[PDB]
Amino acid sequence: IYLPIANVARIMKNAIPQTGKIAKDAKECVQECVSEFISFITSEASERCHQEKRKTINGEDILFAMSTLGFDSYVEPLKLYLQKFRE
């Protein structure tokens, strides 16, 4: 249900100054938030697919849901990541 805490903590630590510290419950909080982020975006994409009578959540559905919900800035880096992923 949650991404591994070690991975979440590593991303968090990379974001802040090298001398900063992160409390255990702050890492757990972000763990919860990023599952909610996935669920929130997925809900937008899934209702759209249901309205269009489509059975598969595609990558375009996820990207479009992100654009609709205020995460349009993610679209370009995600496309580059996925394209280098499948290259």
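What we label the rigid core is the largest C-alpha set whose atoms superpose within 1.5 Å from one form to the other. Numbers for residues come from their place in the sequence shown, where the first is 1.
Of 42-50 and 26-34, which departs more from this form in 4 other deposited structures of this protein by CA RMS after core fitting: Higher average C-alpha offset in 4 other deposited structures of this protein goes to 42-50.
Comparing 75-83 with 21-29, the one whose average Cα B-factor in the PDB entry is higher: The stretch with the larger mean CA B-factor is 75-83.
Sorting the chain's modelled residues by C-alpha B-factor, tell me whether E60 ends up in the lowest, middle or highest third. As the PDB entry reports it, the C-alpha B-factor of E60 lands in the highest third of its chain.
Taking only the Cα B-factors deposited for this chain, tell me whether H50 sits in the lowest, middle or highest third. Lowest third of the chain for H50's C-alpha B-factor.
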